[PDB]
There are 2 protein chains.
Amino acid sequence: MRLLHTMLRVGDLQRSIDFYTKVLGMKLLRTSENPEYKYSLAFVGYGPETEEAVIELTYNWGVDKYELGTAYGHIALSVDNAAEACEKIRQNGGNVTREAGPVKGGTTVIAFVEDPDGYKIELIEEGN
Amino acid sequence: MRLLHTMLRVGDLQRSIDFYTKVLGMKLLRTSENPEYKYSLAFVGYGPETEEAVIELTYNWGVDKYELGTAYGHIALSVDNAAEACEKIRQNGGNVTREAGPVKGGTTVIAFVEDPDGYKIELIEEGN
């Protein structure tokens, strides 16, 4: 078995696609609309769903805000250049909650950011 | 770049670990404890962190309950037998919210369950 995706509800679909793709460098894998239940979906990721875990963004028509709660943590993504991503994230709207730098008691560069809906994103600068 | 993991705060570390490992078939990849920040972590997944996406179970010492909220959707997992998984889960600290079965206007078999902390998990099935 395997981990397929993580589903998150967003306040604005396109704004979300835009961020994950244009900012985080992900690609729009697929999108769907459900007239019956009044919601739209978009799957964004770094590779094909068949090979890896991706993100499923859900947008319920007319719903622009949710309650984040205190249980959900975040999603951690591997990053090419944490420093740079922070910059991109910064100048592209999003917030940088933890500037790129080595992790406490370590060397690995990591940062923490927030997507357009306030979701927390951990960026980690990391067989064959 | 890739999806590393999804972090979720749990009310009971071992409880969650047992569920994801014993019930969901995952493996405990690694654990750690931070006294400064007072938390304990357990990484669970169907593969090593370098190969796939995993789940980071976070236990904040002395904290046994969170507010699930309405933003976070779920995590989807592939299963060989959704019906079997449902029964196993329902009988082992979990809860079935959506009996296994094809999706309206489709043949893909899926179910929705809840882990011990209430987290929604989507089960997607991969001539009896």
# chains A, B, ... in the order shown; residues from 1 in each chain; ligands from 1

$ residues_around --residues "residue A:77" --least-positions-apart "6" --cutoff "10 Å" --atoms "only C-alpha atoms" --output "MDAnalysis selection string"
(chainID A and resid 24 46 110 121:126) or (chainID B and resid 1:6 53)

$ write_last_selection --atoms "N, CA, C and O atoms" --output "PDB file, in the first residue's frame"
ATOM      1  N   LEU A  24       5.843  27.123  -5.334  1.00  0.00           N
ATOM      2  CA  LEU A  24       6.529  25.959  -4.814  1.00  0.00           C
ATOM      3  C   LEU A  24       7.122  25.069  -5.881  1.00  0.00           C
ATOM      4  O   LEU A  24       7.860  24.125  -5.586  1.00  0.00           O
ATOM      5  N   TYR A  46       4.722  17.108  -7.367  1.00  0.00           N
ATOM      6  CA  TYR A  46       6.014  17.095  -8.038  1.00  0.00           C
ATOM      7  C   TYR A  46       6.201  15.983  -9.051  1.00  0.00           C
ATOM      8  O   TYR A  46       7.111  16.006  -9.869  1.00  0.00           O
ATOM      9  N   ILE A 110      16.303  24.451   6.778  1.00  0.00           N
ATOM     10  CA  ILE A 110      14.869  24.300   6.754  1.00  0.00           C
ATOM     11  C   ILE A 110      14.259  25.647   7.037  1.00  0.00           C
ATOM     12  O   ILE A 110      14.872  26.517   7.647  1.00  0.00           O
ATOM     13  N   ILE A 121       3.673  25.209   6.026  1.00  0.00           N
ATOM     14  CA  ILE A 121       4.502  24.391   5.165  1.00  0.00           C
ATOM     15  C   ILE A 121       5.942  24.403   5.611  1.00  0.00           C
ATOM     16  O   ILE A 121       6.528  25.461   5.804  1.00  0.00           O
ATOM     17  N   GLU A 122       6.481  23.206   5.796  1.00  0.00           N
ATOM     18  CA  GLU A 122       7.847  23.053   6.208  1.00  0.00           C
ATOM     19  C   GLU A 122       8.695  22.777   4.979  1.00  0.00           C
ATOM     20  O   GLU A 122       8.374  21.893   4.198  1.00  0.00           O
ATOM     21  N   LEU A 123       9.747  23.564   4.782  1.00  0.00           N
ATOM     22  CA  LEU A 123      10.613  23.367   3.635  1.00  0.00           C
ATOM     23  C   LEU A 123      11.958  22.853   4.116  1.00  0.00           C
ATOM     24  O   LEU A 123      12.613  23.498   4.940  1.00  0.00           O
ATOM     25  N   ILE A 124      12.353  21.698   3.596  1.00  0.00           N
ATOM     26  CA  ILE A 124      13.595  21.050   3.990  1.00  0.00           C
ATOM     27  C   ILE A 124      14.537  20.921   2.823  1.00  0.00           C
ATOM     28  O   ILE A 124      14.179  20.335   1.806  1.00  0.00           O
ATOM     29  N   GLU A 125      15.741  21.461   3.001  1.00  0.00           N
ATOM     30  CA  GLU A 125      16.773  21.428   1.982  1.00  0.00           C
ATOM     31  C   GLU A 125      17.633  20.177   2.136  1.00  0.00           C
ATOM     32  O   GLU A 125      18.602  20.162   2.900  1.00  0.00           O
ATOM     33  N   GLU A 126      17.257  19.118   1.417  1.00  0.00           N
ATOM     34  CA  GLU A 126      17.982  17.853   1.453  1.00  0.00           C
ATOM     35  C   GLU A 126      19.046  17.835   0.366  1.00  0.00           C
ATOM     36  O   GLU A 126      20.247  17.892   0.636  1.00  0.00           O
TER      37      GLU A 126
ATOM     38  N   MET B   1      12.347  17.732  -5.990  1.00  0.00           N
ATOM     39  CA  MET B   1      11.551  18.071  -4.830  1.00  0.00           C
ATOM     40  C   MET B   1      10.430  17.084  -4.651  1.00  0.00           C
ATOM     41  O   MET B   1       9.992  16.442  -5.613  1.00  0.00           O
ATOM     42  N   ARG B   2       9.974  16.966  -3.418  1.00  0.00           N
ATOM     43  CA  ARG B   2       8.918  16.017  -3.167  1.00  0.00           C
ATOM     44  C   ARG B   2       8.208  16.220  -1.858  1.00  0.00           C
ATOM     45  O   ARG B   2       8.656  16.959  -0.973  1.00  0.00           O
ATOM     46  N   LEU B   3       7.093  15.501  -1.756  1.00  0.00           N
ATOM     47  CA  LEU B   3       6.291  15.516  -0.559  1.00  0.00           C
ATOM     48  C   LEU B   3       6.924  14.567   0.448  1.00  0.00           C
ATOM     49  O   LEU B   3       6.973  13.356   0.238  1.00  0.00           O
ATOM     50  N   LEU B   4       7.419  15.144   1.541  1.00  0.00           N
ATOM     51  CA  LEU B   4       8.083  14.391   2.582  1.00  0.00           C
ATOM     52  C   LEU B   4       7.154  13.711   3.566  1.00  0.00           C
ATOM     53  O   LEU B   4       7.210  12.490   3.774  1.00  0.00           O
ATOM     54  N   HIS B   5       6.317  14.508   4.197  1.00  0.00           N
ATOM     55  CA  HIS B   5       5.406  13.943   5.163  1.00  0.00           C
ATOM     56  C   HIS B   5       4.323  14.908   5.513  1.00  0.00           C
ATOM     57  O   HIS B   5       4.387  16.100   5.189  1.00  0.00           O
ATOM     58  N   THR B   6       3.338  14.364   6.202  1.00  0.00           N
ATOM     59  CA  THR B   6       2.230  15.157   6.661  1.00  0.00           C
ATOM     60  C   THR B   6       2.256  14.998   8.153  1.00  0.00           C
ATOM     61  O   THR B   6       2.302  13.870   8.639  1.00  0.00           O
ATOM     62  N   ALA B  53       6.386   9.412   0.878  1.00  0.00           N
ATOM     63  CA  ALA B  53       5.761  10.359   1.784  1.00  0.00           C
ATOM     64  C   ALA B  53       5.350   9.589   3.042  1.00  0.00           C
ATOM     65  O   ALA B  53       4.907   8.451   2.974  1.00  0.00           O
TER      66      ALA B  53
END

$ residues_around --residues "residue A:26" --least-positions-apart "5" --cutoff "12 Å" --atoms "only C-alpha atoms" --output "tab-separated table (two decimals) with N, CA, C and O atoms, in the first residue's frame"
chain	number	residue	atom	x	y	z
A	16	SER	N	-4.78	28.87	-4.89
A	16	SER	CA	-4.04	27.76	-4.35
A	16	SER	C	-3.19	27.10	-5.43
A	16	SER	O	-2.01	26.80	-5.25
A	17	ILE	N	-3.79	26.85	-6.57
A	17	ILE	CA	-3.04	26.23	-7.63
A	17	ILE	C	-1.80	27.09	-7.89
A	17	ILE	O	-0.67	26.63	-7.84
A	18	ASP	N	-2.06	28.38	-8.14
A	18	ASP	CA	-1.04	29.36	-8.40
A	18	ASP	C	0.14	29.30	-7.44
A	18	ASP	O	1.29	29.36	-7.86
A	19	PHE	N	-0.14	29.19	-6.15
A	19	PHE	CA	0.90	29.14	-5.13
A	19	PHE	C	1.75	27.86	-5.19
A	19	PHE	O	2.99	27.90	-5.32
A	20	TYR	N	1.08	26.72	-5.11
A	20	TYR	CA	1.73	25.42	-5.13
A	20	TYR	C	2.58	25.17	-6.38
A	20	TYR	O	3.61	24.50	-6.34
A	21	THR	N	2.12	25.73	-7.50
A	21	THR	CA	2.79	25.58	-8.77
A	21	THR	C	3.81	26.67	-9.04
A	21	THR	O	5.01	26.42	-9.13
A	43	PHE	N	-5.46	18.50	-8.02
A	43	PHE	CA	-4.37	17.76	-7.43
A	43	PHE	C	-3.05	18.35	-7.91
A	43	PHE	O	-2.80	18.41	-9.11
A	44	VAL	N	-2.22	18.80	-6.97
A	44	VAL	CA	-0.93	19.37	-7.31
A	44	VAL	C	0.20	18.53	-6.73
A	44	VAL	O	0.09	17.98	-5.62
A	45	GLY	N	1.29	18.43	-7.48
A	45	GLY	CA	2.41	17.64	-6.99
A	45	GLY	C	3.65	17.74	-7.86
A	45	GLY	O	3.64	18.34	-8.92
A	46	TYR	N	4.72	17.11	-7.37
A	46	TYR	CA	6.01	17.10	-8.04
A	46	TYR	C	6.20	15.98	-9.05
A	46	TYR	O	7.11	16.01	-9.87
A	47	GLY	N	5.34	14.99	-8.99
A	47	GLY	CA	5.42	13.87	-9.89
A	47	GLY	C	4.04	13.29	-10.09
A	47	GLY	O	3.05	13.84	-9.58
A	48	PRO	N	4.00	12.18	-10.82
A	48	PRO	CA	2.75	11.48	-11.11
A	48	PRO	C	2.16	10.83	-9.88
A	48	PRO	O	2.91	10.23	-9.10
A	54	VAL	N	0.76	13.26	-3.35
A	54	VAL	CA	0.50	14.60	-3.86
A	54	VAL	C	-0.45	15.31	-2.92
A	54	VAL	O	-0.78	14.78	-1.86
A	55	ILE	N	-0.87	16.52	-3.31
A	55	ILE	CA	-1.81	17.27	-2.50
A	55	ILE	C	-3.12	17.42	-3.25
A	55	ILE	O	-3.12	17.70	-4.44
A	77	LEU	N	7.88	19.62	2.60
A	77	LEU	CA	8.29	19.44	1.22
A	77	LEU	C	9.82	19.52	1.11
A	77	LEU	O	10.47	20.28	1.84
A	78	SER	N	10.41	18.75	0.20
A	78	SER	CA	11.85	18.85	0.02
A	78	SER	C	12.03	20.11	-0.83
A	78	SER	O	11.22	20.32	-1.74
A	79	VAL	N	13.03	20.94	-0.55
A	79	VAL	CA	13.22	22.17	-1.33
A	79	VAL	C	14.60	22.29	-1.99
A	79	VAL	O	15.63	21.90	-1.43
B	1	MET	N	12.35	17.73	-5.99
B	1	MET	CA	11.55	18.07	-4.83
B	1	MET	C	10.43	17.08	-4.65
B	1	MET	O	9.99	16.44	-5.61
B	2	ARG	N	9.97	16.97	-3.42
B	2	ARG	CA	8.92	16.02	-3.17
B	2	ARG	C	8.21	16.22	-1.86
B	2	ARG	O	8.66	16.96	-0.97
B	3	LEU	N	7.09	15.50	-1.76
B	3	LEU	CA	6.29	15.52	-0.56
B	3	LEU	C	6.92	14.57	0.45
B	3	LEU	O	6.97	13.36	0.24

$ atom_distance --atom1 "atom CA of residue B:96" --atom2 "atom CA of residue B:112"
6.2 Å

$ calpha_fit_rmsd --fixed "chain A" --moving "chain B"
3.1 Å

$ select_by_dssp --residues "stretch 28-111 of chain A" --states "helix (DSSP H, G or I)" --output "count of residues only"
10

$ closest_residue --among "A:102, A:62, A:94, A:35" --to "residue A:116" --atoms "only C-alpha atoms"
A:94

$ select_by_dssp --residues "stretch 24-120 of chain B" --states "strand (DSSP E)" --output "PyMOL selection string"
chain B and resi 27-34+39-45+54-60+72-79+95-102+109-114+120

$ atom_distance --atom1 "atom CA of residue B:106" --atom2 "atom CA of residue B:88"
24.9 Å

$ residues_around --residues "residue B:39" --least-positions-apart "3" --cutoff "8 Å" --atoms "only C-alpha atoms" --output "list in words"
residues 33, 34, 35, 58, 59, 60 and 61 of chain B

$ closest_residue --among "B:10, B:85, B:103, B:28" --to "residue B:67" --atoms "only C-alpha atoms"
B:10

$ atom_distance --atom1 "atom CA of residue A:57" --atom2 "atom CA of residue B:84"
28.2 Å
